[PDB]
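Inspection log for the structure reproduced underneath, given as structure tokens.
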Amino acid sequence: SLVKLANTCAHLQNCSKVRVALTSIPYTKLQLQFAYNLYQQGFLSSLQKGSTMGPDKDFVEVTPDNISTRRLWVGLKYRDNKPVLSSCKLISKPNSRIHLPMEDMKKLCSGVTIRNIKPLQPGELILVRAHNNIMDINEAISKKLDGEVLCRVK
Amino acid sequence: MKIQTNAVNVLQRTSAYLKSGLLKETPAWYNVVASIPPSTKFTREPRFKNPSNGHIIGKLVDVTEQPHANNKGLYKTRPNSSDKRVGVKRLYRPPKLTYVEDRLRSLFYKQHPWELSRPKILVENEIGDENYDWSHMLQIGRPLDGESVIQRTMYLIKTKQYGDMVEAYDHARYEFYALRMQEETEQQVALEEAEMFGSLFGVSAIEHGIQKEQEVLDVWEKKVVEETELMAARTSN
Amino acid sequence: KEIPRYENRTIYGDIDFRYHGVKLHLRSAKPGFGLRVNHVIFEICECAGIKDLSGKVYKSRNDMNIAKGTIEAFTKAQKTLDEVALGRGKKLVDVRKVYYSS
Amino acid sequence: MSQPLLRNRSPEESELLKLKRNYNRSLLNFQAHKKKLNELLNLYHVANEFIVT
Amino acid sequence: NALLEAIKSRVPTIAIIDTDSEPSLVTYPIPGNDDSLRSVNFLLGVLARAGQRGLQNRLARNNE
Amino acid sequence: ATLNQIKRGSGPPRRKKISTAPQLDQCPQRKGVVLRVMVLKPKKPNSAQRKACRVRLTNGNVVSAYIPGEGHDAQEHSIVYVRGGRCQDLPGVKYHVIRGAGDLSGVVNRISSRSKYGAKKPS
Amino acid sequence: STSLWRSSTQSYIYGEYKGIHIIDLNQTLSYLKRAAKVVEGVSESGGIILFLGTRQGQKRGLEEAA
Amino acid sequence: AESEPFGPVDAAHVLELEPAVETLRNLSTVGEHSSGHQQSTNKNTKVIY
Amino acid sequence: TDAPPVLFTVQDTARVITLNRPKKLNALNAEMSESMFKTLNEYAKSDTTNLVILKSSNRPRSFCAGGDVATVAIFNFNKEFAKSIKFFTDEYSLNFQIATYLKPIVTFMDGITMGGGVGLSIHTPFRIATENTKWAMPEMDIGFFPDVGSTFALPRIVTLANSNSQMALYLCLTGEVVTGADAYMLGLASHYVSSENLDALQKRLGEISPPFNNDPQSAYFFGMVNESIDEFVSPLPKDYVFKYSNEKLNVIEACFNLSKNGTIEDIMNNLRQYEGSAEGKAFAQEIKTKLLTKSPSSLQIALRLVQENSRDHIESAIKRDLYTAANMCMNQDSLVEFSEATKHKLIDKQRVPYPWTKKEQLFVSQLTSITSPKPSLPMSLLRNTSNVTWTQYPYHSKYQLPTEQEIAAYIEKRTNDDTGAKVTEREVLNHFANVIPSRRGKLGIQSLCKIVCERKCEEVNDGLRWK
RNA sequence: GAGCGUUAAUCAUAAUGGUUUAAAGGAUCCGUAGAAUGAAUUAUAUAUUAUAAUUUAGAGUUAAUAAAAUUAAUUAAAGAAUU
RNA sequence: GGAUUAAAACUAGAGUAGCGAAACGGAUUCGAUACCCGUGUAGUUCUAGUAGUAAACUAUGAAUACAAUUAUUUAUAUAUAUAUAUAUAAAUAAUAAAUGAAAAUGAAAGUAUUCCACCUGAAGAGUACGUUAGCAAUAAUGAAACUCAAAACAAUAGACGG
RNA sequence: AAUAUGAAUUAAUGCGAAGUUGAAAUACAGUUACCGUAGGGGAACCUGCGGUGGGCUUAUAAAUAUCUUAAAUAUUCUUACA
Ligand SMILES: [K+]
Ligand SMILES: [K+]
Ligand SMILES: [K+]
Ligand SMILES: [K+]
Ligand SMILES: [K+]
Ligand SMILES: [K+]
Ligand SMILES: [Mg+2]
Ligand SMILES: [Mg+2]
Ligand SMILES: [Mg+2]
Ligand SMILES: [Mg+2]
Ligand SMILES: [Mg+2]
Ligand SMILES: [Mg+2]
Ligand SMILES: [Mg+2]
Ligand SMILES: [Mg+2]
Ligand SMILES: [Mg+2]
Ligand SMILES: [Mg+2]
Ligand SMILES: [Mg+2]
Ligand SMILES: [Mg+2]
Ligand SMILES: [Mg+2]
Ligand SMILES: [Mg+2]
Ligand SMILES: [Mg+2]
Ligand SMILES: [Mg+2]
Ligand SMILES: [Mg+2]
Ligand SMILES: [Mg+2]
Ligand SMILES: [Mg+2]
Ligand SMILES: [Mg+2]
Ligand SMILES: [Mg+2]
Ligand SMILES: [Mg+2]
Ligand SMILES: [Mg+2]
Ligand SMILES: [Mg+2]
Ligand SMILES: [Mg+2]
Ligand SMILES: [Mg+2]
């Protein structure tokens with residue numbers, strides 16, 4: 002769901018403004034892939050599976066009995082009195098989805114505004130979804146993949 | 001109030017003054033602050049345990065952990081509404097510290113109201129010097145009071161001499177009565193023995209109270225008379 | 206105040222900053238691009254040492270609030286590559302600068 | 160990441176779940192039925208004070 | 330007033346920060362009760378002796 | 029507006045100057061015949077005796093044209109050429125007559141800005 | 198009092214007890230040691246150290262510290 | 248990655264250009280008396296007189 | 034799919050390495066060592082990592098119970114000598130990388146730190162101990178030698194009764210376990226921090242960064258790391274009393290004082306011919322009992338290495354341990370019992386000591402062969418990003434408690450000064466607690482200085498003489 | 001500059017917008033179309049869509065237990081005062 | 001598209017005490033087609049309908065996810081050394097952050113998402129014409145020409161106030 | 001029937017200058033203003049009915065207070081005592 006992803010993007014911005022060290026997001030494949038990309042890129046300190054009440058200390062298998070109570074817990078980073086994850090916005094919106102070929106993704110990473118999408122800025126992360134997998138735009142260009150431009154994180 | 005930035009970055013703002021040349025001379029604090037960086041995260045931190053009672057914070061009991069029926073005779077097969085509400089706020093709210101001794105302390109002073117009348121000094125001397133062996137109630141350095149009973153009760157339950165808290169508490173209470181009776185006699189006898197050897201005392205406690213009551217009853221006499229004369233005039237109207 | 210400058214000529218990336226009623230859209234520019242911005246912003250860039258910059262002002266074009274907004278944007282809306290790298294624990298490479306390196 | 164997101168209930172787990180859920184519904188129906196009979200008994204004890212003739 | 334002037338003047342500051350006090354307004358906060366004279370005088374004394382040791386070490390290096 | 033409202037027509041209004049000489053019919057100038065020469069009073073705070081003229085254009089539109097320059101020889105039945113441009117202080121006078129065209133002569137003894145007053149160059 | 202809490206101090210709180218917040222002394226000690234080293238450094242460097250306290254009774258401590 | 252090496256050749260691939268050193272070498276073989284000067288790949292257009 | 038043996042995580046600008054083998058008490062195998070060795074080379078090249086933190090995920094149960102020698106024993110029984118030599122080349126190469134690492138490494142010794150664990154901390158100037166620390170080198174009971182460069186570290190860092198490596202030989206030959214505060218006072222731990230304060234300390238370590246134009250490899254940053262840890266140090270428990278009394282320190286300093294060609298028999302003679310207090314005499318018998326339940330060959334090899342790696346540079350000392358380990362797994366001359374003893378204790382649970390058979394006295398040539406590289410087996414330590422060697426640790430002294438040789442140097446210097454003044458115990462305490470910048474206010478520094486003066490100095494008039 | 005000016009026109013010059021109080025929230029709700037938008041897991045396909053199976057966090061149904069006596073429509077009554 | 005929709009008004013049949021447009025008188029006033037007083041018709045009431053308009057206002061469309069505190073009630077639940085205490089929601093009040101032209105908003109007028117309605121200088125004008133609906137009053141829909149460089153909001157310091 | 005043109009005839013409105021008759025609005029604007037609707041009047045406007053605040057949140061006391069060693073002891077204290 003792009004709506005759920007929009008909710009998570011706004012939630013992370015709200016948490017950064019108040020500078021909470023730990024927060025939770027919905028437990029879904031897309032959310033987990035989204036969070037994992039942020040973790041590998043250094044935007045998130047930690048990524049743990051858990052419940053509504055907090056991160057799990059020991060592995061708890063997820064089943065239909067507890068799926069409704071599952072959450073993903075992420076740790077936010079702050080350095081030099083500044084949040085590492087300052088902004089998080091969707092590019093492809095629920096009511097206007099944007100699919101780009103690899104050629105247009107290369108233009109976006111080169112400073113060209115494609116379909117009103119402002120080009121990639123220094124130190125910014127743009128994520129792309131292709132065949133239900135989320136990857137960095139630079140990685141999609143390396144794999145010659147065409148996909149939906151989901152969001153941009155800075 | 002907004003998280004301030006300029007108080008913790010004095011070193012970085014100063015460094016720009018020196019590099020540009022706006023400030024010719026390095027301040028004396030400059031080197032000290034550089035070697036000892038200020039903390040500048042100002043984040044809210046989660047907590048997963050109450051330090052007082054060791055209760056775990058942030059743990060959800062899954063339905064798989066409640067296989068048996070409840071007090072109503074029903075099994076739990078699905079999460080309830082409370083289980084489905086995010087509880088992040090509990091991770092950040094300062095835990096309420098609780099102690100079993102607090103319950104006993106309230107009981108002791110409910111059973112012995114006049115123990116409250118014995119003045120207590122809250123000013124600490126040195127908490128780290130307290131070397132107490134609670135096998136006995138009396139201790140060198142601290143008064144005999146309700147706390148002596150509570151600590152004795154805990155030692156009994158900690159050593160497992162008694163199982164029920166009530167039994168340990170009752171045992172400690174009797175030890176407290178014995179010590180209180182020996183002191184009430186030492187004071188009575190000491191006064192009696194001194195008077196028998198020619199000790200003289202200016203004012204007794206009973207006398208002190210009479211004098212203080214006289215001072216108050218004298219002002220009260222004047223006002224009563226004054227207010228019983230204004231009434232007579234005002235009522236005459 | 207000191208303002209971060211990328212290669213001591215321009216800003217780090219693009220800035221979309223709102224100062225009261227003034228909407229400032231500033232874009233970094235290539236070497237030799239010059240200053241193509243509101244006249245108020247031009248003077249500030251000259252004193253600050255910014256040589257290449259593009260941008261547009263939207264909504265309110267009050268000179269006083271443009272100047273203050275610009276100064277605030279140059280400090281509160283920029284992040285150096287070094288600061289981004291340290292916060293994220295990653296290496297950030299300027300491809301154009303590496304292309305002309307040994 | 161390699162862990163599966165969800166593990167489907169085994170056929171046996173679904174059987175035990177259905178047993179508990181059927182029991183829960185049956186117990187509540189029985190308890191309500193017995194409560195109604197206990198109120199009918201307490202009403203019989205006092206029907207000698209009620210007038211119908 | 331004093332804290333804001335120190336910020337404007339780039340003067341590092343130390344302060345006792347109680348639960349109702351803003352930590353970010355000082356360079357080096359010390360969390361602690363600021364209402365009791367015993368608590369304040371205990372913390373002030375420690376800082377004062379630390380300064381004294383620094384002063385004695387500076388006067389000692391001058392002698393030798 | 030929402031994305032669907034924009035799809036249905038919602039959008040920013042367009043900015044384009046509107047015609048201030050509708051009677052000319054998108055022509056640089058139109059010939060006309062003076063119906064009556066008149067003198068009008070500026071709207072406040074201006075004071076003057078502004079010379080104007082009512083003109084019937086070759087397209088049938090009747091307009092009021094300001095006669096620029098010091099002194100004019102325009103009369104009734106005189107052939108005049110009318111161009112765009114309003115007289116700001118005279119409401120309803122939205123056009124100008126061209127000096128030195130038709131039966132309206134150039135300003136007598138004009139030295140500066142002669143081209144604007146139909147004055148030929150002195151030898 | 199917990200009623201007067203400035204939530205920006207949340208990370209310094211050990212818990213609440215008897216209607217007041219208990220400050221975490223483990224953090225106080227670490228902050229106190231850090232602050233003390235700064236005072237020692239500035240003193241050893243010859244800097245001017247000003248002690249400001251305007252609550253009743255603080256003068257005696259302030260004068261001796263200086 | 249924080250410890251990933253990135254050099255001029257890697258940058259050239261990113262920008263889809265020949266390495267800068269190659270450009271310098273190709274610009275030194277342009278002189279009429281310089282080494283490497285070659286022009287024959289174009290002699291493949293049928294002409295009739 | 035399986036939990037990785039070692040977990041790597043980012044802590045702001047600090048990189049946390051966590052040992053993740055709880056069921057094995059964080060035992061170090063070739064996989065763990067190789068992973069850590071490779072990841073540390075990358076962090077050395079990185080310009081965003083300021084320091085590294087080596088901890089365990091099992092604290093306070095254990096930090097590292099020692100290298101995985103039970104698996105090396107099975108290799109020997111299966112003649113998989115190539116596998117065994119790989120395990121020691123990886124471990125010893127990782128110990129050499131840590132010793133010469135140019136960025137601060139901070140080891141949290143929160144639990145059992147025995148064997149390989151000692152190699153993970155002994156080579157770092159910032160080795161923090163806790164109440165749960167249990168330092169020991171129990172190799173003599175398994176038939177092995179003191180490895181992981183412990184024959185180069187202990188003779189150079191121990192604080193008391195270590196003038197001639199007497200205390201170093203006592204710990205390596207007896208396998209005595211030192212606990213918490215005692216490890217800090219002996220010099221085994223640079224700092225003593227309560228376990229409860231480790232979380233806060235870790236966060237502060239990630240937040241500190243070199244100032245201005247100083248790299249994390251500069252001495253200036255090393256001082257900053259030391260100060261940060263000190264802010265979390267707390268005063269020792271009031272009841273705490275040092276483990277070894279002066280009388281017990283006199284037995285070790287005399288009974289383990291050998292020459293450049295000493296032998297384990299010489300130590301046995303001193304322990305059997307010791308004279309003095311009743312406690313000292315009884316203490317010497319306790320050591321004699323213990324030293325007679327060890328491997329007769331291991332004790333001689335340990336003494337050889339201590340007398341060889343106490344005056345050599347780090348690289349040659351670590352390399353000599355690789356040769357010894359390889360020359361022991363492959364028992365060409367049937368002079369050791371490392372493999373059989375290891376199975377008797379680890380592979381098979383047997384409280385009783387392994388009955389020893391090699392009870393002879395190896396010659397100087399025999400010891401040389403066991404501790405020298407065989408020309409047929411070429412083994413070399415993996416290359417690190419520093420590739421440097423030196424005879425003295427570059428930072429250990431500045432940030433640990435002073436040794437008995439440093440206090441002596443100041444008494445001799447002060448006593449031989451033109452001032453013509455008298456050295457007084459009070460002046461010694463002040464000079465070590467309130468003078469040296471890196472030692473100012475160091476925990477348990479005055480207590481250690483008083484132990485040294487009461488046992489090493491002679492108080493005549495208002496002066497002190499170095500007996 | 002052999003053009004210059006002027007008139008007539010075209011493009012550009014702010015929606016990288018707004019609607020408490022400045023132009024602008026429909027009196028309110030119900031609900032049809034929507035070529036509007038919208039959960040979870042897995043597997044395929046021709047792939048942000050389709051299909052199938054599965055799931056319960058949205059949305060509902062029925063009970064049990066406790067709580068409340070209001071809001072509509074209708075019928076039947078009361079009250080102080082006024083003329 | 002449908003339904004409901006204050007007051008006034010209208011169509012029938014009842015009712016009509018009090019109140020009360022209008023009208024007729026009395027005062028006040030330079031004058032008083034007013035304010036005040038009298039007599040007081042429609043109306044105000046009920047029954048059955050028509051009509052669908054209000055400063056019909058929170059001048060703020062609905063829904064979902066989310067973000068820092070306090071106080072005060074309410075509800076549910078839990079516990080007991082039985083009346084408090086501990087929890088979780090709702091409401092209200094004051095706020096942090098954020099937003100804003102500011103006044104201020106404060107869980108939205110914040111961070112986001114989805115759908116609908118609506119606006120594009122003033123005046124002309126919610127007017128003209130046409131159409132639709134209604135017994136009617138009217139309601140809905142809804143322009144252009146001409147003219148002008150205005151027009152409007154928040155806030156600031158004054159001046160003034162029967 | 002539509003489109004266009006003129007058209008008897010007839011409706012609404014803008015601007016321009018000053019005057020005339022009142023003083024309706026802005027302060028409690030001298031009867032609170034305004035919204036819907038109805039009736040009336042030279043003109044603004046007046047009156048009835050309901051609604052709104054873009055007017056009254058502009059909100060600010062029926063007062064009364066207590067006992068333990070006043071000092072040879074607290075008040076002094078400068079890294080000392082322990
Ligand atoms: K607004
Ligand atoms: K009536
Ligand atoms: K709507
Ligand atoms: K009026
Ligand atoms: K009205
Ligand atoms: K009216
Ligand atoms: Mg306070
Ligand atoms: Mg030309
Ligand atoms: Mg445009
Ligand atoms: Mg809106
Ligand atoms: Mg509304
Ligand atoms: Mg409206
Ligand atoms: Mg439900
Ligand atoms: Mg009403
Ligand atoms: Mg009627
Ligand atoms: Mg009349
Ligand atoms: Mg009259
Ligand atoms: Mg009347
Ligand atoms: Mg109707
Ligand atoms: Mg109307
Ligand atoms: Mg309306
Ligand atoms: Mg209403
Ligand atoms: Mg609804
Ligand atoms: Mg109408
Ligand atoms: Mg206003
Ligand atoms: Mg009047
Ligand atoms: Mg008036
Ligand atoms: Mg009025
Ligand atoms: Mg009237
Ligand atoms: Mg009215
Ligand atoms: Mg008003
Ligand atoms: Mg008001």
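Chains as they are written, first to last, in PDB author numbering: chain A, 2 to 155; chain B, 1 to 237; chain C, 206 to 307; chain D, 160 to 212; chain E, 330 to 393; chain F, 29 to 151; chain G, 198 to 263; chain H, 248 to 296; chain I, 34 to 500. We treat Cβ as the ideally placed atom computed from N, Cα and C, and that holds for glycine.
Inter-residue spacing [alpha-carbon to alpha-carbon] between residue 343 of chain I and residue 204 of chain I
C-alpha separation (whole angstroms): 15 Å.
Is it right to say residue 255 of chain C is buried, meaning 16 or more other beta carbons lie within 10 angstroms of its own, or is it exposed?
Classification of residue 255 of chain C: buried, given that the 10 Å Cβ count is 16 or more.
For residue 111 of chain B, name the three-state secondary structure that DSSP assigns.
Look at residue 111 of chain B here: in three-state DSSP terms it is helix.
What's the call for residue 353 of chain I, buried or exposed, on a 16-neighbour Cβ count within 10 Å?
With 16 or more Cβ atoms within 10 Å of its Cβ, residue 353 of chain I is classed as buried.
Three or more C-beta pairs under 8 Å: does that hold for the region 269–281 of chain C against the region 142–155 of chain A?
With the cut-off at 8 Å, the region 269–281 of chain C and the region 142–155 of chain A do not touch.
The alpha helix (DSSP H) with residue 360 of chain I in it runs from where to where?
Judged by DSSP secondary structure, residue 360 of chain I falls within the alpha helix (DSSP H) whose first and last residues are 347–362.
Using 7 Å as the threshold, is the C-beta distance between residue 86 of chain I and residue 47 of chain I below it?
One thing to note: residue 86 of chain I has its Cβ within 7 Å of the Cβ of residue 47 of chain I.
Give the interface partners of residue 82 of chain A over in chain B, defined as CB-CB distance under 8 Å, in chain order.
Chain-order list of chain B residues neighbouring residue 82 of chain A: 3, 5, 8, 9, 40, 41 and 42, by C-beta distance under 8 Å.
Taking residue 277 of chain I as the reference, give the member of I:219, I:137, I:358 and I:359 with the closest Cα.
With distances taken between Cα atoms, residue 277 of chain I lies closest to I:219.
7 Å Cβ shell around residue 326 of chain I - same chain, five flanking residues per side excluded:
The answer, listed in chain order, is 386.
Less than 7 Å between the C-beta atoms of residue 34 of chain B and residue 18 of chain B, yes or no?
For residue 34 of chain B and residue 18 of chain B, no; Cβs fall outside 7 Å.
Determine the burial state of residue 273 of chain B: buried for a count of at least 16 other Cβ atoms within 10 Å of its Cβ, exposed for fewer.
In this structure chain B extends from 1 to 237, so residue 273 of chain B is not present and cannot be described.
From what residue to what residue does the beta strand (DSSP E) around residue 214 of chain G run?
Bounds of the beta strand (DSSP E) holding residue 214 of chain G are 210–214.
How close, in whole Å, do the beta carbons of residue 304 of chain I and residue 320 of chain I come, if the pair is a contact with beta carbons under 8 Å?
So it is a contact: roughly 5 Å between Cβ atoms.
Show which residues of chain E have a CB atom less than 7 Å away from the CB atom of residue 237 of chain G.
Think of a sphere of 7 Å around the beta carbon of residue 237 of chain G: the chain E residues whose beta carbon falls inside it are 379, 380, 382 and 383, in chain order.
Strictly by DSSP, which residues pair up with residue 210 of chain C?
According to DSSP, which records beta bridges pairwise, residue 210 of chain C is partnered with nothing at all.
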